[PDB]
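Here's the structure, in structure tokens; my notes come after.
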Amino acid sequence: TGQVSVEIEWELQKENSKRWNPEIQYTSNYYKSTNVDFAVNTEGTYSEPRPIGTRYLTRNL
Amino acid sequence: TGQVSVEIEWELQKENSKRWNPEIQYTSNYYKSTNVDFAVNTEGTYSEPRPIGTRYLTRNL
Amino acid sequence: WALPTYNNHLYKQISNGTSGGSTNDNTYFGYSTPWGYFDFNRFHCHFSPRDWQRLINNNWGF
Amino acid sequence: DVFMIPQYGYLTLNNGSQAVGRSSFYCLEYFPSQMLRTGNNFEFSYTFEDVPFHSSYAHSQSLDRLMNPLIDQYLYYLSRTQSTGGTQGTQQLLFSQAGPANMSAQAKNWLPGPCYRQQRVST
Amino acid sequence: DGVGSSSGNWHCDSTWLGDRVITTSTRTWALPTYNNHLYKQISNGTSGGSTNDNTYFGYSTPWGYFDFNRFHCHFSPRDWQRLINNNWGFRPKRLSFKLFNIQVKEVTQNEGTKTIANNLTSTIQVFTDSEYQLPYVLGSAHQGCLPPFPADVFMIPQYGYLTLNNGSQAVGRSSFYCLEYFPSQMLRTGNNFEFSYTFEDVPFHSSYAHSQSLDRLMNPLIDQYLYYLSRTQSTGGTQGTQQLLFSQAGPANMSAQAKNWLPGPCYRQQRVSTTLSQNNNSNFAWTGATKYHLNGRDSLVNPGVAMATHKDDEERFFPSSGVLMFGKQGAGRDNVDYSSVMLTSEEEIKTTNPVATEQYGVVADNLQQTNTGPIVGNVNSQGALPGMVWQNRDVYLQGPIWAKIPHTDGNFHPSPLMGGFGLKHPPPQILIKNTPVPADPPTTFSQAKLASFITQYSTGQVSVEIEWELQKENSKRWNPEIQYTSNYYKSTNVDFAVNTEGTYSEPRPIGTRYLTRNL
Amino acid sequence: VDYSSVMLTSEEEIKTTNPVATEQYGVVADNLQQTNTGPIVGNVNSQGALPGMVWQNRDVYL
Amino acid sequence: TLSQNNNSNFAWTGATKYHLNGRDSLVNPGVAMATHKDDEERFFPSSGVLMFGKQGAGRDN
Amino acid sequence: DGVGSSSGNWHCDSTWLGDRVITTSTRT
């Protein structure tokens, strides 16, 4: 047994929109719940509640 | 009559959180509607649908 | 912008006392001038809604 | 949008509808001003004084929940002023250590901000 | 850096250099394995008998943390005496921390036979939240600090925190932190760890008492050139008539003289006597207590604003929740008798701060007239006013040292209510954890995470060094001073020593305000 | 105008430090309890600054 | 206007005091506040105004 | 390189530099 570490460098492409109205953003729910999304239970079991894409910002064709 | 222009430079304080789970973000509704928020009517009358604060990110005390 | 001519270029004393139904709480005394003035003490005068979103969703202070 | 420029006016001290000896009157023409014809322009600059940043965030903790939820305190508090026995309770001075089950009683370092109570009304 | 060599020496000392004093202490610690290396959601709502006031929601982590937010962790009693008997004020300057001589041991429990061996290859993880990104749990008077007597071995507490809640549930703003997401350092036997820290500037602690009272600052021989309304009726007989009558206050009417300053703020608490027969026969420890209401839940004001414990000749009284209360050696945890705790006393600030069990004063209540006698009403809570002057709560040998100022927009006199120094960047938290070592895994692959580990723990030494700055006194007082001294009469044991069992004990709390000074 | 034509803001986010605007700050001792006098306590509906108070400012809007 | 006041001696009883270390003291002159509102110059606070004596004035009462 | 010394530290982090972002994770 032992440890292992990985390090990755990524390049980004910032958006440059001129859209006036606000945008759609991925956010977490504001209403109370028994557990917290992407956290542990009372047993320490991690969990992911839903899949998460990456297409939220918009752009012209 | 004439034109007038104002220019303001602002200083920012970027966040430095280590929070694991996702954050609450201000986003626009994803469901269909008659008009678009923060846009014009069929008459060209601009409108603001709701007030918008600025406290969405979190931080420890 | 468009600028009309106010008061026909006159300064005028304006006031309202406790006469009529005006309570003591709403009395005043002042002047109206023939001048206009600019105002931009409002956030939406400088930020588009998209820019307001970009700001508030990524920064702790400004 | 095209907009209209508001008119300037001000107020001073008064007594009812009358002025007093300290009332002030200002004539704007008494200031050095610039005149422009079609073809002239006007501009100027300004620098802000230092000022703290605006707190654009919310707190993830409450003021009364800053303690560790697993460990007790080494302090004590008056837990009871009577005898824990029956219908013949007698004066006693009785203390305990607050912990996870009595966070409302733990000693604290800070205090909520000031208030000025207003009237409540429902929608 | 080998297995067969130590990685540090025992430094436990204190040196005095004039305006400087440098304390140094070393202890031996033991670190178990918490939660079986698991994070766990912990909460308690209004279910059962748990009132709404005592709900919470948070997490318990498998990490431990060091704590030395206690004065007796650095000063011997003799040193505390040397300090408090000769200086007007002091404050910390720098700090150094060090870990060394780590050794990890694993325990095999087989058929009752418990055996312990060395595991030379195991590691521990250590890091410091030098950017204050985690919930600062220190500064809450929790147990687990370094022991006072250097010959004691102590156990490291477990780290856990709380967040926003609604009953027993979380909300959208609830935060969850994973400590493994931080860059940490791993140490085997033969490695050591250390770092340094510098304190921000902070005013000296007022380690003195005032030799004058606020209302007695005038010259007792001369009058004032001012006047005051001395009487509003005719000095004649049974036919008194309206008159406006004035005089100059002087030595015989010092209560009426004009003054420049004003006593500090107050928040009246309930008074209670140590003579059980003198108290009301009912249980009002919670009902009659001074509380404050926040977000629908109520909380006890403990210890509250620094106010005088009692006025003259009333030492048997004390505020219900306005005094730090330490427990004697070996005292029980819950609902012990008064005879087993030690009450402090802030009587020394009677000169400027109001008595905690009386009203701040009395103020006009209506507009008097010929047909309306004047009415006056008590003030039981008073905010700040221009011209108010007050003193802070005293510190103690076994009390806290500092506290972190909450990062908000506004505040007012950010001194910790429990006493000590308020800092924006306190000494960072130091966290520690045993690196998990899994048991033998199965022979075929499986998606499920490992759940069987070797039982083990670790131990080692730790040393802290703090440099303090002193403020020597410069009095011209003629007569001798009050000094803290030990009793000269024979006794069974010695104060601040061990029993016949080797159990250390502290007989009484020790403040720091003994020297005097003019206002 | 009717309520349906205005938009109310909400400073709920500062519940962590500032008191609720429609409730008392707390409750404080009112008299000197004795064997024959039960302790009395009274509401505080307005509180000035105290040493150790921490609060947040009112939020801004677009 | 002596006739406008209550017929009783309340120069000390009705005065604004403050309690410190068991003894009470008069608040003189106290916090800086306006002496009187408009058209009420005949009024003044009992102990809220600096009071000088004329030349050769007696000491007491 | 001895038996009594570790051979690496726990690096688990993520930094943002503009157009760059550098992730780092460690596991057992």
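Residues in the structure tokens are numbered from 1 in each chain, the chains being A, B, ... in the order shown, and ligands are numbered from 1 in the order shown.
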
Got a sec to align chain A on chain B by every in-order Cα pair and hand back the fitted coordinates as a JSON list (two decimals) with C-alpha atoms, in the first residue's frame?
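Saved to out-v4.json:
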[["chain", "number", "residue", "atom", "x", "y", "z"],
["A", 1, "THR", "CA", -29.70, 68.26, -25.88],
["A", 2, "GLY", "CA", -26.58, 66.16, -26.21],
["A", 3, "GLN", "CA", -24.67, 63.10, -25.07],
["A", 4, "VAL", "CA", -22.97, 62.30, -21.78],
["A", 5, "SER", "CA", -20.62, 59.49, -20.79],
["A", 6, "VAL", "CA", -19.43, 58.17, -17.43],
["A", 7, "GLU", "CA", -16.58, 55.75, -16.76],
["A", 8, "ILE", "CA", -15.86, 54.12, -13.40],
["A", 9, "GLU", "CA", -13.02, 51.80, -12.43],
["A", 10, "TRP", "CA", -13.77, 49.26, -9.71],
["A", 11, "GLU", "CA", -11.51, 47.10, -7.56],
["A", 12, "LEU", "CA", -12.42, 43.47, -6.94],
["A", 13, "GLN", "CA", -11.84, 41.02, -4.09],
["A", 14, "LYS", "CA", -11.82, 37.49, -5.47],
["A", 15, "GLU", "CA", -13.05, 34.64, -3.30],
["A", 16, "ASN", "CA", -10.70, 32.02, -1.87],
["A", 17, "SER", "CA", -13.03, 29.37, -0.48],
["A", 18, "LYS", "CA", -12.21, 25.72, 0.21],
["A", 19, "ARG", "CA", -15.86, 24.67, 0.39],
["A", 20, "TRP", "CA", -16.39, 21.23, -1.15],
["A", 21, "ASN", "CA", -20.04, 21.11, -2.18],
["A", 22, "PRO", "CA", -21.36, 23.41, -4.93],
["A", 23, "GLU", "CA", -22.42, 26.99, -4.29],
["A", 24, "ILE", "CA", -25.62, 28.96, -4.67],
["A", 25, "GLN", "CA", -25.53, 31.15, -7.76],
["A", 26, "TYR", "CA", -27.94, 33.67, -9.19],
["A", 27, "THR", "CA", -29.30, 32.20, -12.44],
["A", 28, "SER", "CA", -32.28, 32.91, -14.75],
["A", 29, "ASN", "CA", -35.25, 30.47, -15.00],
["A", 30, "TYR", "CA", -34.88, 27.65, -17.54],
["A", 31, "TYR", "CA", -38.64, 27.30, -18.23],
["A", 32, "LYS", "CA", -40.38, 28.97, -21.27],
["A", 33, "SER", "CA", -42.17, 32.33, -20.77],
["A", 34, "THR", "CA", -43.93, 34.98, -22.87],
["A", 35, "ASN", "CA", -41.12, 37.63, -22.61],
["A", 36, "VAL", "CA", -37.45, 37.57, -21.65],
["A", 37, "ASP", "CA", -36.36, 38.97, -18.30],
["A", 38, "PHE", "CA", -34.51, 42.28, -18.60],
["A", 39, "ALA", "CA", -35.55, 42.86, -22.21],
["A", 40, "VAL", "CA", -38.10, 44.86, -24.18],
["A", 41, "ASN", "CA", -41.76, 44.15, -24.83],
["A", 42, "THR", "CA", -43.41, 44.21, -28.21],
["A", 43, "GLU", "CA", -43.57, 47.96, -27.49],
["A", 44, "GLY", "CA", -39.90, 48.47, -26.72],
["A", 45, "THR", "CA", -40.52, 49.12, -23.02],
["A", 46, "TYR", "CA", -37.62, 47.93, -20.89],
["A", 47, "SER", "CA", -38.48, 46.23, -17.62],
["A", 48, "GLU", "CA", -36.76, 44.73, -14.59],
["A", 49, "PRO", "CA", -38.66, 41.71, -13.22],
["A", 50, "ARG", "CA", -37.22, 41.55, -9.70],
["A", 51, "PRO", "CA", -34.59, 43.11, -7.44],
["A", 52, "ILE", "CA", -31.13, 41.54, -7.36],
["A", 53, "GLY", "CA", -28.95, 41.58, -4.26],
["A", 54, "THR", "CA", -25.28, 40.70, -4.17],
["A", 55, "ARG", "CA", -24.87, 38.15, -1.34],
["A", 56, "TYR", "CA", -24.73, 34.70, -2.92],
["A", 57, "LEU", "CA", -21.28, 33.31, -2.13],
["A", 58, "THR", "CA", -20.61, 32.12, 1.39],
["A", 59, "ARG", "CA", -17.81, 32.52, 3.91],
["A", 60, "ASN", "CA", -17.01, 31.42, 7.44],
["A", 61, "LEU", "CA", -17.46, 33.85, 10.31]]

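DSSP secondary structure from the backbone places residues 7, 8, 9, 10, 11, 58, 59, 77, 78, 79, 80, 81, 82, 91, 92, 93, 94, 95, 96 and 115 of chain D of segment 6-115 of chain D in strand (DSSP E).
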
Limited to N, CA and C atoms, could you put the picked residues into a file as an mmCIF file, in the first residue's frame?
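For reference, selection22.cif as written:
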data_model
loop_
_atom_site.group_PDB
_atom_site.id
_atom_site.type_symbol
_atom_site.label_atom_id
_atom_site.label_comp_id
_atom_site.auth_asym_id
_atom_site.auth_seq_id
_atom_site.Cartn_x
_atom_site.Cartn_y
_atom_site.Cartn_z
ATOM 1 N N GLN D 7 -34.609 69.168 -12.115
ATOM 2 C CA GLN D 7 -34.393 70.547 -11.703
ATOM 3 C C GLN D 7 -33.815 70.586 -10.297
ATOM 4 N N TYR D 8 -32.930 71.546 -10.059
ATOM 5 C CA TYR D 8 -32.207 71.628 -8.799
ATOM 6 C C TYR D 8 -32.941 72.527 -7.814
ATOM 7 N N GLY D 9 -33.059 72.059 -6.576
ATOM 8 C CA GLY D 9 -33.661 72.844 -5.517
ATOM 9 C C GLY D 9 -33.221 72.299 -4.177
ATOM 10 N N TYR D 10 -33.274 73.158 -3.164
ATOM 11 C CA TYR D 10 -32.772 72.782 -1.852
ATOM 12 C C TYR D 10 -33.627 73.423 -0.774
ATOM 13 N N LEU D 11 -33.373 73.013 0.463
ATOM 14 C CA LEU D 11 -34.110 73.479 1.623
ATOM 15 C C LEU D 11 -33.147 73.988 2.681
ATOM 16 N N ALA D 58 -22.510 35.840 2.121
ATOM 17 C CA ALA D 58 -23.278 35.455 3.290
ATOM 18 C C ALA D 58 -22.408 34.610 4.206
ATOM 19 N N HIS D 59 -22.789 34.543 5.475
ATOM 20 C CA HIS D 59 -22.050 33.739 6.432
ATOM 21 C C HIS D 59 -22.593 32.321 6.465
ATOM 22 N N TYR D 77 -21.446 27.016 34.715
ATOM 23 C CA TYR D 77 -22.542 27.965 34.754
ATOM 24 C C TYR D 77 -23.542 27.502 35.796
ATOM 25 N N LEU D 78 -24.228 28.460 36.403
ATOM 26 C CA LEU D 78 -25.266 28.124 37.366
ATOM 27 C C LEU D 78 -26.350 27.341 36.652
ATOM 28 N N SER D 79 -26.427 26.043 36.935
ATOM 29 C CA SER D 79 -27.348 25.167 36.238
ATOM 30 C C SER D 79 -28.699 25.046 36.908
ATOM 31 N N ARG D 80 -28.789 25.352 38.195
ATOM 32 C CA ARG D 80 -30.007 25.123 38.950
ATOM 33 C C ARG D 80 -29.905 25.813 40.297
ATOM 34 N N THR D 81 -30.978 26.435 40.773
ATOM 35 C CA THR D 81 -30.904 27.091 42.091
ATOM 36 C C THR D 81 -31.874 26.431 43.059
ATOM 37 N N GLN D 82 -32.210 25.169 42.864
ATOM 38 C CA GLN D 82 -33.098 24.535 43.862
ATOM 39 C C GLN D 82 -32.699 23.083 44.053
ATOM 40 N N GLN D 91 -33.218 25.710 48.801
ATOM 41 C CA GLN D 91 -32.212 26.544 48.171
ATOM 42 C C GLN D 91 -30.881 25.808 48.089
ATOM 43 N N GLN D 92 -30.338 25.743 46.878
ATOM 44 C CA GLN D 92 -28.996 25.224 46.656
ATOM 45 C C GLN D 92 -28.369 25.998 45.507
ATOM 46 N N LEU D 93 -26.997 26.124 45.249
ATOM 47 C CA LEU D 93 -26.237 26.729 44.165
ATOM 48 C C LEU D 93 -25.530 25.611 43.424
ATOM 49 N N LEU D 94 -25.948 25.370 42.188
ATOM 50 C CA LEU D 94 -25.660 24.133 41.480
ATOM 51 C C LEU D 94 -25.174 24.451 40.075
ATOM 52 N N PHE D 95 -24.065 23.839 39.681
ATOM 53 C CA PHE D 95 -23.353 24.230 38.476
ATOM 54 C C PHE D 95 -23.077 23.023 37.597
ATOM 55 N N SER D 96 -22.714 23.289 36.350
ATOM 56 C CA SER D 96 -22.342 22.236 35.425
ATOM 57 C C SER D 96 -21.561 22.836 34.271
ATOM 58 N N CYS D 115 -30.187 46.918 17.581
ATOM 59 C CA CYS D 115 -31.519 46.773 17.017
ATOM 60 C C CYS D 115 -32.386 47.963 17.385
#

Counting only C-alpha atoms, which residues of chain C come no farther than 9 Å from chain B, as a list in words?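 Per the criterion, chain C yields residues 1, 2, 3, 4, 40, 46, 49, 52, 53, 55, 56, 57, 58, 59, 60, 61 and 62 of chain C.
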
Please dump the current selection as a PDB file, in the first residue's frame; keep N, CA and C atoms.
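Final output, saved to out.pdb:
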ATOM      1  N   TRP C   1     -29.461  63.116 -23.460  1.00  0.00           N
ATOM      2  CA  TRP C   1     -30.227  63.893 -22.503  1.00  0.00           C
ATOM      3  C   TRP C   1     -30.880  65.080 -23.190  1.00  0.00           C
ATOM      4  N   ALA C   2     -31.900  65.623 -22.533  1.00  0.00           N
ATOM      5  CA  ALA C   2     -32.583  66.819 -22.997  1.00  0.00           C
ATOM      6  C   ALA C   2     -32.804  67.738 -21.809  1.00  0.00           C
ATOM      7  N   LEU C   3     -32.565  69.030 -22.013  1.00  0.00           N
ATOM      8  CA  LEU C   3     -32.599  70.001 -20.927  1.00  0.00           C
ATOM      9  C   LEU C   3     -33.591  71.106 -21.256  1.00  0.00           C
ATOM     10  N   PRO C   4     -34.699  71.203 -20.546  1.00  0.00           N
ATOM     11  CA  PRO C   4     -35.633  72.306 -20.779  1.00  0.00           C
ATOM     12  C   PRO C   4     -35.184  73.569 -20.074  1.00  0.00           C
ATOM     13  N   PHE C  40     -26.096  59.913 -11.369  1.00  0.00           N
ATOM     14  CA  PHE C  40     -25.885  58.510 -11.692  1.00  0.00           C
ATOM     15  C   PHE C  40     -25.640  57.690 -10.435  1.00  0.00           C
ATOM     16  N   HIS C  46     -24.590  51.627 -14.654  1.00  0.00           N
ATOM     17  CA  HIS C  46     -23.255  51.269 -15.104  1.00  0.00           C
ATOM     18  C   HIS C  46     -23.092  49.794 -15.422  1.00  0.00           C
ATOM     19  N   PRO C  49     -27.339  43.694 -16.733  1.00  0.00           N
ATOM     20  CA  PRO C  49     -27.698  42.556 -15.871  1.00  0.00           C
ATOM     21  C   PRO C  49     -26.713  41.411 -15.966  1.00  0.00           C
ATOM     22  N   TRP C  52     -23.779  42.374 -13.876  1.00  0.00           N
ATOM     23  CA  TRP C  52     -24.106  42.220 -12.465  1.00  0.00           C
ATOM     24  C   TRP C  52     -24.004  40.764 -12.046  1.00  0.00           C
ATOM     25  N   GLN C  53     -24.502  39.859 -12.889  1.00  0.00           N
ATOM     26  CA  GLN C  53     -24.374  38.437 -12.607  1.00  0.00           C
ATOM     27  C   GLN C  53     -22.913  38.020 -12.543  1.00  0.00           C
ATOM     28  N   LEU C  55     -20.381  39.701 -11.847  1.00  0.00           N
ATOM     29  CA  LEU C  55     -19.735  40.245 -10.661  1.00  0.00           C
ATOM     30  C   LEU C  55     -20.146  39.480  -9.415  1.00  0.00           C
ATOM     31  N   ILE C  56     -21.450  39.402  -9.153  1.00  0.00           N
ATOM     32  CA  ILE C  56     -21.906  38.853  -7.887  1.00  0.00           C
ATOM     33  C   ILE C  56     -21.656  37.358  -7.780  1.00  0.00           C
ATOM     34  N   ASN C  57     -21.462  36.657  -8.891  1.00  0.00           N
ATOM     35  CA  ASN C  57     -21.295  35.217  -8.792  1.00  0.00           C
ATOM     36  C   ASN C  57     -19.852  34.781  -8.597  1.00  0.00           C
ATOM     37  N   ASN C  58     -18.895  35.707  -8.542  1.00  0.00           N
ATOM     38  CA  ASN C  58     -17.494  35.314  -8.530  1.00  0.00           C
ATOM     39  C   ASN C  58     -16.603  36.090  -7.570  1.00  0.00           C
ATOM     40  N   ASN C  59     -17.124  37.065  -6.839  1.00  0.00           N
ATOM     41  CA  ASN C  59     -16.272  37.926  -6.035  1.00  0.00           C
ATOM     42  C   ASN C  59     -16.847  38.100  -4.641  1.00  0.00           C
ATOM     43  N   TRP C  60     -15.955  38.246  -3.662  1.00  0.00           N
ATOM     44  CA  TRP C  60     -16.380  38.447  -2.287  1.00  0.00           C
ATOM     45  C   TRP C  60     -16.676  39.903  -1.969  1.00  0.00           C
ATOM     46  N   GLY C  61     -16.000  40.842  -2.615  1.00  0.00           N
ATOM     47  CA  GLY C  61     -16.242  42.246  -2.343  1.00  0.00           C
ATOM     48  C   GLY C  61     -15.668  43.102  -3.444  1.00  0.00           C
ATOM     49  N   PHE C  62     -16.048  44.375  -3.411  1.00  0.00           N
ATOM     50  CA  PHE C  62     -15.626  45.320  -4.434  1.00  0.00           C
ATOM     51  C   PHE C  62     -15.794  46.728  -3.891  1.00  0.00           C
TER      52      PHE C  62
END

Select, as a VMD selection string, those residues of chain D with any atom no more than 7 Å from chain F (distances computed using only C-alpha atoms). chain D and resid 58 to 59 61 to 63 110 to 120

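From atom CA of residue 24 of chain C back to atom CA of residue 42 of chain G, the distance works out to 21.0 Å.
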
Distance-based interface of chain D with chain B, 12 Å, counting only C-alpha atoms, as a PyMOL selection string: chain D and resi 1-5+36-48+50-67+110

For the residues in the current selection, export C-alpha atoms as a PDB file, in the first residue's frame.
ATOM      1  CA  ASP D   1     -33.590  55.539 -23.763  1.00  0.00           C
ATOM      2  CA  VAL D   2     -33.560  59.332 -23.833  1.00  0.00           C
ATOM      3  CA  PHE D   3     -34.079  61.035 -20.490  1.00  0.00           C
ATOM      4  CA  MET D   4     -34.865  64.454 -19.064  1.00  0.00           C
ATOM      5  CA  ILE D   5     -32.609  66.281 -16.618  1.00  0.00           C
ATOM      6  CA  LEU D  36     -20.063  75.970 -24.373  1.00  0.00           C
ATOM      7  CA  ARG D  37     -21.337  76.492 -27.888  1.00  0.00           C
ATOM      8  CA  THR D  38     -21.955  73.749 -30.404  1.00  0.00           C
ATOM      9  CA  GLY D  39     -18.466  72.389 -31.005  1.00  0.00           C
ATOM     10  CA  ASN D  40     -17.185  72.682 -27.443  1.00  0.00           C
ATOM     11  CA  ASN D  41     -16.973  69.786 -25.014  1.00  0.00           C
ATOM     12  CA  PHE D  42     -16.545  69.393 -21.275  1.00  0.00           C
ATOM     13  CA  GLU D  43     -14.895  66.758 -19.122  1.00  0.00           C
ATOM     14  CA  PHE D  44     -13.216  66.166 -15.786  1.00  0.00           C
ATOM     15  CA  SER D  45     -11.894  63.389 -13.575  1.00  0.00           C
ATOM     16  CA  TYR D  46     -12.237  62.373  -9.944  1.00  0.00           C
ATOM     17  CA  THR D  47     -10.600  59.961  -7.514  1.00  0.00           C
ATOM     18  CA  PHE D  48     -12.387  58.117  -4.736  1.00  0.00           C
ATOM     19  CA  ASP D  50     -10.309  54.919   0.477  1.00  0.00           C
ATOM     20  CA  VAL D  51     -13.315  52.927   1.678  1.00  0.00           C
ATOM     21  CA  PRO D  52     -13.823  49.330   2.868  1.00  0.00           C
ATOM     22  CA  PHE D  53     -15.002  46.740   0.382  1.00  0.00           C
ATOM     23  CA  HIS D  54     -18.678  45.882   0.300  1.00  0.00           C
ATOM     24  CA  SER D  55     -19.444  42.531   1.922  1.00  0.00           C
ATOM     25  CA  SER D  56     -20.852  40.650  -1.065  1.00  0.00           C
ATOM     26  CA  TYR D  57     -21.270  37.304   0.673  1.00  0.00           C
ATOM     27  CA  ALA D  58     -23.278  35.455   3.290  1.00  0.00           C
ATOM     28  CA  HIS D  59     -22.050  33.739   6.432  1.00  0.00           C
ATOM     29  CA  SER D  60     -22.061  29.944   6.520  1.00  0.00           C
ATOM     30  CA  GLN D  61     -22.196  29.906  10.328  1.00  0.00           C
ATOM     31  CA  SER D  62     -24.378  31.591  12.917  1.00  0.00           C
ATOM     32  CA  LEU D  63     -22.960  33.642  15.757  1.00  0.00           C
ATOM     33  CA  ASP D  64     -24.332  31.303  18.432  1.00  0.00           C
ATOM     34  CA  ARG D  65     -22.898  28.144  16.826  1.00  0.00           C
ATOM     35  CA  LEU D  66     -19.148  28.772  16.771  1.00  0.00           C
ATOM     36  CA  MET D  67     -18.159  26.089  19.279  1.00  0.00           C
ATOM     37  CA  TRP D 110     -19.224  37.985  20.924  1.00  0.00           C
TER      38      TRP D 110
END

Return the neighbours of chain F among the residues of chain C, cut-off 9 Å, counting only C-alpha atoms, as a list in words. residues 42, 43, 44, 45, 47, 49 and 52 of chain C

Interface residues on chain E facing chain A, 6 Å, only C-alpha atoms, written as a PyMOL selection string: chain E and resi 38-41+169-172
